[PDB]
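Undergrad: Chains as they are written, first to last, in the deposited numbering: chain E, 5 to 147; chain D, 5 to 147; chain F, 5 to 147; chain B, 294 to 521, 524 to 663, 693 to 768, 773 to 798; chain A, 292 to 673, 693 to 768, 773 to 798; chain C, 292 to 768, 773 to 798. Where a beta carbon is used, it is the ideal one built from N, C-alpha and C, also for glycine.
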Amino acid sequence: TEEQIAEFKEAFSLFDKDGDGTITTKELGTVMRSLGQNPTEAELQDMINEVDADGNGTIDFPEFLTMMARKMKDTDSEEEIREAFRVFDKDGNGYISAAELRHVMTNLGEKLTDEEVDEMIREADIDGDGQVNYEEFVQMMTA
Amino acid sequence: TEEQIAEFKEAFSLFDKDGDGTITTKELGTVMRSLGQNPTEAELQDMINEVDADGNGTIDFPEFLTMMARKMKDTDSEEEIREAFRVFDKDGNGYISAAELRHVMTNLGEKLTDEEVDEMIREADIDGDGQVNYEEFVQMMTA
Amino acid sequence: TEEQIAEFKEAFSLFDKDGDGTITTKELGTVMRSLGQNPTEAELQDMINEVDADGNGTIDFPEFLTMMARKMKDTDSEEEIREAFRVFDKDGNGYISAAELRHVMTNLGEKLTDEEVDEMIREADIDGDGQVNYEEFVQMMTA
Amino acid sequence: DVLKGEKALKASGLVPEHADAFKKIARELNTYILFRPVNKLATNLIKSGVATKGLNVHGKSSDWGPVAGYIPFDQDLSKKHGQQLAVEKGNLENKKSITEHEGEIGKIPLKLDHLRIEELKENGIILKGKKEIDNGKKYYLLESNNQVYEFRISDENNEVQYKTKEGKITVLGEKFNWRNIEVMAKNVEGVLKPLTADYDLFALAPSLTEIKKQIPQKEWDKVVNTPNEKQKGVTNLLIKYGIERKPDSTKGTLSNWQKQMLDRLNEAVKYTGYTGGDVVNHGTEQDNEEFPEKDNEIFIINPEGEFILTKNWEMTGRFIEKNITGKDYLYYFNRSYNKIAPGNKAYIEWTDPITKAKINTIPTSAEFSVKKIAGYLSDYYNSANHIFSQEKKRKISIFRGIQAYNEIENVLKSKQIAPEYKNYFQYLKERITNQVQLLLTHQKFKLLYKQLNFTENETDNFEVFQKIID
Amino acid sequence: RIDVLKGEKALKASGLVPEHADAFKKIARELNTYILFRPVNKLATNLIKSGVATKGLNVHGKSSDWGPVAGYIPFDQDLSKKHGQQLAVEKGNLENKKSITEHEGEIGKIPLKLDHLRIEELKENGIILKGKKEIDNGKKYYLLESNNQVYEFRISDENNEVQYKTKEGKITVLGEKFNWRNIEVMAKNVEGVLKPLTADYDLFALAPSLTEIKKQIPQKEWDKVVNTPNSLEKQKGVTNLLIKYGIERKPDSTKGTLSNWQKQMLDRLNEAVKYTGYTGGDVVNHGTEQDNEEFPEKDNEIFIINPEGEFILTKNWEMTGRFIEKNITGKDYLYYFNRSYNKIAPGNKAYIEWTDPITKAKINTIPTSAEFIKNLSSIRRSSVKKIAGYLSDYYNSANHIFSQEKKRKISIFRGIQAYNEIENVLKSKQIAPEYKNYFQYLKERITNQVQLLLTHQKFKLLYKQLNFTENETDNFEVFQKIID
Amino acid sequence: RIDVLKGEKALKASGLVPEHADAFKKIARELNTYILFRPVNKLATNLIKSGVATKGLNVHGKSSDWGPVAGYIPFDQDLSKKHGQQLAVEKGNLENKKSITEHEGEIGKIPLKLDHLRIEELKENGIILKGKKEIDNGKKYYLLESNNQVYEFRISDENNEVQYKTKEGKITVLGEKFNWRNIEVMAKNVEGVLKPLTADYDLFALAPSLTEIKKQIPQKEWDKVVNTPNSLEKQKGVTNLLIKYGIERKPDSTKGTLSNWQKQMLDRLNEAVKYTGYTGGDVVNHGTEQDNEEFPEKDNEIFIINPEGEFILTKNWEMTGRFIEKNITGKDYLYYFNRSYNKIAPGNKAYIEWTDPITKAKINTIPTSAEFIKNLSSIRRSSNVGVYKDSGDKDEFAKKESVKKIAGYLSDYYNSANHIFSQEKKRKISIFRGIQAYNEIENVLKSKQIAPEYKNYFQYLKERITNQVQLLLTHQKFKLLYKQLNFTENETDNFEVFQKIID
Ligand SMILES: Nc1ncnc2c1ncn2CCOCP(=O)(O)OP(=O)(O)OP(=O)(O)O
Ligand SMILES: Nc1ncnc2c1ncn2CCOCP(=O)(O)OP(=O)(O)OP(=O)(O)O
Ligand SMILES: Nc1ncnc2c1ncn2CCOCP(=O)(O)OP(=O)(O)OP(=O)(O)O
Ligand SMILES: [Ca+2]
Ligand SMILES: [Ca+2]
Ligand SMILES: [Ca+2]
Ligand SMILES: [Ca+2]
Ligand SMILES: [Ca+2]
Ligand SMILES: [Ca+2]
Ligand SMILES: [Yb+3]
Ligand SMILES: [Yb+3]
Ligand SMILES: [Yb+3]
């Protein structure tokens, strides 16, 4: 888990005009977002209030290191997803195409139309390259 | 050792309708007894009062792990005993017989009568098999 | 390190008519001096007052172990010195002679007189052997 | 360039009957079955109903000498013969099997049955030689082209004994006279029965259909009947019931469907007359992440029921690619591949398409008053983007990349940058270059960067670029 | 009848210096106690006899049994008996380096000098041969050969120092290669002078007569037990008195882990050989082997001197076991076997097996709660309470006020009780594959034990007729009558 | 007089590229500083010269000195010089695997291609021979031989890639066996392209002239110290500059542990070879070996270039020691030897010995109160820790005679207060102080055998104290004068008799 904590450490010190190592909740979000997350303003409160009883609004590492020590529990499936991505990508080109998305689907029962299919690709597609790369496949599976 | 603490851990969580891991002194005894000990009600107090200054009567592992970390000092002779058992058992049948108990004794000076001997066996004997097995030899040397 | 703490432990228990392990500041100095140090009465106060807020004047190991854990910081150069000693000692006799002290000096710019030189040797010399041994070279570098 | 049928089965090591029996399951369940090599000198023993070693026994089998096919306690008698570290690591494993599993596993003298000696004579492994008498006891020497040990067998009970040759020394630097050859055994009904190599499965690739069949008709419906997530509702019903694996002790890490697939494989073999229980005791190599074995020849049985034997790792990769991972079949490769396996430090490489097209960019730092550090610059993949049109995106995208092109990036002469970082940003730049031409060619980077001047808040140059769409 | 060597022939294989062995008969006899030694480097014997000092626990390098340095402790452990065993050599050297540093001025190394007579000794034993002469830097040398293929040895004519180098194209085990250089040997500091070391006498085991142990017990501390009305708390103190003075052992500073009587016996031994002339110091330097739990050595031939004064040499481990069984551990003599036996020695992962009667019985003996728990601990390497409790009920010292007839009954029941609270756990869920076996095991044991107590007086047969359903002093009523 | 090679012959054995060595004479001379290099893979030399990049600290795989991959860094370390050494091979590979992963994109591996000229080079050196042709899947290959018995090598005619396989029935050290497959070699990333690596120039030690070190000291700071009264604090001032500027070293990011002047000198060296045409980059990548404390390498032949510009090659370690002694550490030049020497290097447990004067004289030197209290600690590793006071079994006794006096009396011997007395005085007061301690010690041994090893420690101190005293005495006029002295009654009185005794 060295790298784990090591990762949370990298971003934490990336933005912190505090110096010693204490940020605010006005940026706590940006941190979790730059570190690959999309938390809702509702979740950024009920947590920064349970462990942070300081009432000062000051946050450091040991505190943050613990919050992440909870969220990263039933989501660390990074693996399973990455593997699934590879399952769609039959041609092994590194990207998921509509044709490919078709098979997986049809072979799972749901017979889709060339329309519906192309709809899913575009929806999941973020760069407009007309295909889904792992990074995209990831975002699409995150929420 | 690892197993040591591992052992104290097994019993501790064996009975604990608390959940998280906190038992009472109303059962602390049963624990130490199921784990191979016969403490007196007098000793179950002067200890649960020195380290337990909570005044709540709640006990957990780190606390218990320390108490045992004291008693198991001049008693860990488990070895010496087990070896001694093997010394009495001349026939190597795994049990200590009266005849055997005789020799050890007579060879140590104390000449006993076929009566006195059979008395000791029967006293140490717990199952009535007419012989002493290590387990019994143990109790007889501890309890 | 292990030996480090091990060293501070040796002296600490060397003089302590307390028993359990608690000395006084009336001797704290003698300890640090027997352990190879020359602290001033001014430094033996501002420290025994910061960590020792007991107001009793009683000192033990865990406390002392921490004080040393600070002084031994920009002084642990024991190495560098020992090496330097070896630099002066050209003839490798294990001692630093005036002739030797001369070269090092002259080669560093400062041209000294056979008088001034012999002055430094005597000053640094503690046994009067007419030469400086590492032990002496040490004191002279850390008095 | 792979072997087929008979010839391949021959090299697979599986007991013919068992393999044939396997075609049935491969076909019926439309799923590829891949086995790692099987000690050839173990085959016959297996067939004759000998029990196979499970995860509680890690000693390596032997492939020479009288003890060939079994699991010698003295691992220098195993295939690892002559490899000090392997022998030693092997023994410790046996010692452990013997102690940490008392009454479960044990060792017993090796007895070579009248028929076995014969089998061995054909295979040209050992030869029954001259007779010998030692304490009023009759023995018959057993030879082997081996130079360190000497073997003999008792005429009475048929126990084999061995000793080190004259002046010769064991790998571990030992030397001893005649003594019994002990072999790993398991406890069966109070009796200790000898063990032999099992059928270590390499991988299992089921027809994508099959994993569906695995899903409960209900949980599936609650997302397939236009609940459109769906797009991600499928993948997850694909993961939990098709990709997800978990520990299990008797078997190792594996998957529910795999577990089942196990049972059928085993049952499937009993029918041929296999007495000694299971031949497939645990999950596939692809989940053996701590001590991965990289074998040269893989034995594959396709859903057709044919037999194929890849000749070498590079080949096994192709086969899997062309006929499985690229043909609607469920497959995942050992997570340790392309990494240093923790256990044995193995470093087995495998083709990861994801790393294939790795000329892309995201949260790096994966690489490890007055707004200058803040701002939305490292978020190329802006989720909120399905609102734009495929054209806008590809158009805006390039912009975001270039945004990062000269971000805080041109800091190529901040104090003293190590060739390590530059290399990265460089590479990154080499990525952003290609991660654009594509968006372009879809519908027409070293095109026009002179028509770009970022010397102000990205918002100011935003209009610029949109005018550069020409 | 066992096949063991005797007298002269055995002494020959023991490695001990004859005079020393003879001298030992005296102590074996006088103190009525078996003395067992582990093999002794045969090429060390003569050195010992000539008064060379032996290695103590502060020196763990292995001696050499070949080449010019044969009999000594080469600093370069690839010149020792462990020659050619990379790991052993390496472990060997680290040990020497440690001896040299962690014991400065105590232990050191010095060049090996082969005295005029020693070369001769070596020639006979057929270890090395003084060969052709050689001149290298105006210096005279004489090659010394050996059937070895990696190294080449020569000796200086002037000071008689031996040097060695690796052969052409040949490589050391550790993957080294070098030319001519002195052969250093482990030495100890004696009166400011560094004197070379050699193999010592390692005691395999000391088995004294129970009586001899008695002499260890203080005359009134024993009476304060012997003379005690009670019987239980007596048989205890009598045992605890055996332990303290006979069994228990402790880690001495330099004598390793040995007991107190052993300490004495040790001194008698060193005394004995000094009366014969040994001027090297001690020949026996520490506790014995049965206490060498971290790195146990399993030797084939053990040299035994019985209280009679005879010489016996077991031929092989299995045999050494018999001997000890038939003539010691089964004949009123104090004996305990290495605690590592039947386990994986921590230090060298050795796995030496030995016959332990207690285990034998396990199959017919129900377990105590502790064992039951501790079996659940060491079963956690990868859950219900009435069982361990009941087992605690089976073994209750309270039973010492009842009659055997009573005992068996109450026990027989308590067993059947546990056999129930267990049977239903398996009737419950498989839980863990191996936990299932643990219970199929307990079951059998509990079974045997009970079935055993019963044939002592009158299992499943009487198991169909018993209650499960409603729990107090009632289900126990039917039983009472059932057994009759 | 020492048996060391010189010039041409030595350079030949050094392994450095001639041009590079010649180029080095320049710096050695100009900066009046000895330069010492550890051996360099001879089969690496030519590769270096041809501009191949050298391996830095991010690559610990060992180079190869045989077979087609000779000179490079084979990924399969059994193809390196460590060939056939299971543990080394294994340790070697792990290192490569690490280099490949913990440094992605930085370091990598690539197929070994033997250029038309290289094969030729190899043929001369007699390393490999281009043999018979072979055709394998419509592909043309040419066997490459070597007197090796485990592997078999061949090269592709098309791309010139070399492949290897294990011989029939033969087994790898690691117990492997495989058919034809490419020989991968460690490489570094250069401008997005992966270029092969080769052995670098490892500096054994850099010995500069004291003067050259002076130039390192800021002329002002040298003044704020050379301009002051205190005759004694006069030296201590320069001593600490000498250190700060030439002795102290620090762990750089990629240059390992080196000093600052060394950092400079380093750059001059790489500069020098670039002036000659070396286009691979740096040829020297790290502090010197004397700071390589965790895994010290003890080489036989050291290549030295003296400030004169001459070439010397020590024949063996013992010799290298002499050379350094007679011409460097004994001739006004800055030098410090690996701190691991005479100790067990932590990393590889190496135990390289070196002559350390300080020790070579700690026999006639009295221990420091500290250089004593510390010993009592180490010697306390052969017993159990508890209470220093009351260590006897009897309850009537609770203290080892002369518990602390022995220490204090040692602290008295080394008292800077002595800097106001005369040598004649000093020796006297000291000679006594020694005899004092020799007493508070003698009675400890006269008291109980406390611990077997503690006894020796004192039989040792005794001798030392003895020698020291006896030494001071022959400076002017031991046991002889020990029978006539007091024990019995302790202040400024027992010291009176002594005064007269020495005269
Ligand atoms: N799913 C898994 N979990 C854990 N370990 C596994 C798994 N699959 C495979 N392994 C590891 C080792 O498999 C058994 P092992 O006995 O080492 O095979 P083998 O090497 O083929 O035996 P052999 O030596 O008898 O030929
Ligand atoms: N009681 C003990 N305490 C510590 N170590 C012991 C004890 N008894 C035995 N040993 C271990 C090793 O005894 C010394 P060791 O030097 O290893 O003997 P050896 O191997 O027989 O010597 P050799 O190599 O000189 O032939
Ligand atoms: N100052 C230093 N600090 C740290 N490590 C050092 C220092 N000096 C040397 N080293 C460590 C390793 O040096 C490089 P390495 O490449 O392993 O040498 P080598 O074994 O001679 O190379 P070769 O295998 O390429 O022939
Ligand atoms: Ca695709
Ligand atoms: Ca895309
Ligand atoms: Ca018995
Ligand atoms: Ca009984
Ligand atoms: Ca000098
Ligand atoms: Ca002096
Ligand atoms: Yb297996
Ligand atoms: Yb010994
Ligand atoms: Yb290097």
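Between which two residues does the alpha helix (DSSP H) harbouring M556(C) extend?
TA: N551 to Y566
Undergrad: Following the continuous beta strand (DSSP E) through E443(A), name the residue where it begins and the one where it ends.
TA: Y442 to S447
Undergrad: Could you tell me whether the Cβ of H394(A) comes closer than 9 Å to any Cβ of chain C?
TA: With its beta carbon less than 9 Å from one in chain C, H394(A) belongs to the interface.
Undergrad: Distance, Cα to Cα, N747(B) vs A661(B)?
TA: 15 Å
Undergrad: Could you tell me how far apart the beta carbons of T530(A) and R540(A) are, in whole angstroms, since I believe they sit closer than 8 Å?
TA: Contact doesn't hold; Cβ gap of about 17 Å is too wide.
Undergrad: Using only the heavy atoms of ligand 8, determine whether one of them is closer than 8 Å to the beta carbon of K94(F).
TA: yes
Undergrad: Where in the stretch 313 to 396 of chain B do unbroken runs of the alpha helix (DSSP H), each at least 4 residues long, occur, reported from the N-terminal end onward?
TA: 333 to 340 and 377 to 392
Undergrad: Measuring only the C-alpha atoms, how far is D623(B) from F89(E)?
TA: 13 Å
Undergrad: Need the endpoints of the beta strand (DSSP E) that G422(C) sits in, please.
TA: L420 to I426
Undergrad: Per DSSP, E127(D) forms a beta bridge with which residues?
TA: Per DSSP, none; premise fails for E127(D).
Undergrad: Just to confirm the assignment, what range does the alpha helix (DSSP H) spanning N789(B) have?
TA: Note, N789(B): alpha helix (DSSP H), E786 to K795.
Undergrad: At least one CB of chain F closer than 9 Å to the CB of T611(C): is that the case?
TA: no
Undergrad: What first and last residue would you give for the beta strand (DSSP E) that runs through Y455(B)?
TA: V453 to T457
Undergrad: If you measure beta-carbon to beta-carbon, which residues of the stretch 315 to 347 of chain B are closer than 8 Å to chain C?
TA: none
Undergrad: Check the Cβ of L378(B) against every Cβ in chain C and list those closer than 9 Å, keeping chain order.
TA: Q377, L378, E381, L465 and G466
Undergrad: Among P365(C), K430(C), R409(C) and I426(C), which one has its Cα closest to the Cα of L420(C)?
TA: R409(C)
Undergrad: With respect to 8 Å, is the separation between the Cβ of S738(B) and the closest non-hydrogen atom of ligand 1 below this value?
TA: No, since every heavy atom of ligand 1 falls outside the 8 Å radius drawn around the Cβ of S738(B).
Undergrad: Determine the closest residue to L501(A) out of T620(A), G342(A) and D514(A), with distance taken between C-alpha atoms.
TA: Comparing alpha carbon positions, the residue from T620(A), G342(A) and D514(A) closest to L501(A) is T620(A).
Undergrad: Given residue 684(B), which residues of its chain have a CB within under 7 Å of its CB, disregarding the five upstream and five downstream residues?
TA: Residue 684(B) cannot be placed in this structure, since chain B goes from 663 to 693 without the numbers between.
Undergrad: If you draw a straight line from the alpha carbon of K115(F) to that of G98(F), how long is it in whole angstroms?
TA: Approximately 24 Å between the Cα atoms of the pair.
Undergrad: Can you check whether the C-beta of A742(A) is within less than 9 Å of a C-beta belonging to chain B?
TA: yes
Undergrad: Taking 8 Å as the cut-off, is the C-beta of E140(F) nearer than that to any heavy atom in ligand 9?
TA: yes
Undergrad: So, for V464(A): in the same chain, excluding its five sequence neighbours on each side, which residues have a beta-carbon less than 6 Å away from its beta-carbon?
TA: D369, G375, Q377 and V380
Undergrad: What's the C-alpha gap between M144(D) and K511(A)?
TA: 24 Å
Undergrad: Whole angstroms are fine: how far does the CA of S447(C) sit from the CA of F749(B)?
TA: 36 Å
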